[PDB]
Every structure is written in structure tokens, then in C-alpha cells.
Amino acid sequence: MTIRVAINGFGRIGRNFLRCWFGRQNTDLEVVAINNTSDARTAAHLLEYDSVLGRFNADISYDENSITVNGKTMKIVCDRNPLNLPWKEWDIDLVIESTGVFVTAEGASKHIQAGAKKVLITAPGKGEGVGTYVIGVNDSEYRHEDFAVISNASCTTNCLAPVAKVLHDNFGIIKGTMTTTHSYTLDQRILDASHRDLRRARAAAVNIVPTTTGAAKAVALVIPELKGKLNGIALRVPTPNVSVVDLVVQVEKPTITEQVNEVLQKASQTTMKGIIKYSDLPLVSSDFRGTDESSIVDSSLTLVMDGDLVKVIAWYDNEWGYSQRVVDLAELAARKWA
């Protein structure tokens, strides 16, 4: 039956996930609690009024201890430390980890000590003992008992992995390389300020800033055949949302642009319905705000050099599209709860 759910850290991903879930047709989820480093006041307001999502059209209320949306009432808490959270008493089955701060098996597992059964990191996990899934790529390989702490990977990996999969299943990937042109995030600085990354230290809205990305390697986690076959880098540009992957692969079967486009389109219609969108129209970044899929292939941008060096460009709503997938993963965890 249904599983009870709480959110941890009500930021971009956290509020996106909610609105994604509130838009859902059907569900096996019951959101019931939210924990964030701010009062309920600042919660129910960043929810309704979003610089990027536009205004959430829904009945929204709040008091000191709760917030409420379209009938449904949640519960608000405020513990910087998950070990202190009322998950046992509140019979919390799954916690969505969206603080960005508890991404190790241990930290994410503090929610387990506190009474929760399973935790879903909305971000790559670090260290050992987290199970990583990307919907459309990996999720047939899901067993409730494998991991109490799971990861939905990164927004970038979710864009990249489904395209890698299709390209691989159809032409065989030998090796390749990838660049992501990414809208800045909160991990960057609006002005030159201290950061562990001497580049992310620098004013985000007036720079192209190069940075590292684990995403090309991460595909290995969900497509182990591509282990050591992909590298990459990211470039932060001053957009606030939507991002793009530029993937170049040496492929085993010689092909043409029309054909790799054909197979990507096929997938968008079939094995990848809902995950890959196929765009043949001459569009730009803002046109994909609020798109549900995880990779949006720009077919007119696909390229093939001498039969076997292919390039495809895929867009993604790095916040919203990713949040539809974390929803999906949660629904899957629900349906498969052993």
C-alpha cells in the first residue's frame, strides 16, 4: 500500500519535488512532514512564489508548526540534526534527502536511526554503501532490500545516462567525452567569495566558470559497461535554470545523423517514453522550463563525423525534470517495498 514520506531540506529540489508530487495523476506517496532550516513562514512562501516555476496555483496555508496545501496538511519541523527528528513516532517510511549535506551512507542514515526505513538522496552519494538509480536506465535493477540509502544521481547524470544508454544499445560506445553547460546553482557565488573550488568562488552571473562534474563517471554506476569510457567537464553560465549536455562518442557501428536521430526518437516514443523528449523544433533554453523529461534531444544539433564519431546535444530542466525523476524513484520504492 501507500508509504509515508517526509522531505529534508526544503530548497529548490525540495519544493520542486512537492509541486511535482502535487501535480501527479496518481501516487503511492503521502507527504506528511517537512524539515527545513527555516520557519514555516518562509516555507509556505518560497513554495507559492518562485522566480523560476512561476506561482504555484494551489490553496496554501501555514501556522507555526504546519503548512497545508489543497486540503493535505504536512508537519513542519526544524532540526539541523536528523538524529533529533520524529520519524519513528511519525511512522515515516521514506525520507527525501534534499539538504545536499547528508549524502554519505552514514549521514543519510541518521534518518534511519531516527525511525525512517528508507532514504532517497536527491544528489550523487559519496563514499560507500549507497545504491544509485536513474529511471529509464537502471530501475529494472531495483530491489527494495539492496539499499536503505539510495541516490537519484545528479540532474546532469539523468540527462546524460538515458542518451548514453540508447546510443550504446544501438551503436556500441567505445569511449567519449562530454561537456555540460549548466545554469548556475546555489553552490556558486553571486560575487567573488571564498569556495573550496577557486573557480566557483567567482561571480556566477557575470562569468563562464569551468568546474568539475562527476556525471560522466557516474553513468558507470548505472551502466557499468561504460566504466572508464566517459570523461567530462561542466561550464557554469549565468542562466538560472535549464542546462545542456554536449556528448561526443566514438561509436562501434558506423551510422548517420538521420539514423541516430531515428533511434533517439524511437526511444522517446517507447523504451524511453517520459525520460527522453525528442525535439526537432528550433528552440532555445527558456523553451524547456517545466518540461517533464530528463533529456531533451535537439535533433537538429546531432552530428556524425566519418560514420562513427557522434555528437548529440540534450537539454534539461536541471531542477524540475530531475524532480520528476526523484518522484518516480520514490513511487518505484513504494511499489517495490519488500
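In this text, residue numbers run from 1 along the sequence as written.
- Higher mean CA temperature factor between 288-296 and 34-42: 34-42, per the PDB entry.
- The question of which stretch, 183-191 or 166-174, has the higher mean Cα B factor is settled in favour of 183-191.
- Between the residues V245, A201, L235, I135, it is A201 that shows the highest Cα B-factor in the PDB record.
- Highest C-alpha temperature factor among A108, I150, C159, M74 per the entry: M74.
- When the modelled residues of the chain are ordered by C-alpha B-factor, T302 sits in the lowest third.
- When the modelled residues of the chain are ordered by their C-alpha B factor, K311 lands in the lowest third.
- Sort the chain's modelled residues by C-alpha temperature factor and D79 lands in the highest third, per the entry.
- Placement of the Cα temperature factor of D146 within the chain: lowest third of the modelled residues, per the deposited record.
- In the deposited entry, the Cα temperature factor of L221 places it in the lowest third of its chain's modelled residues.
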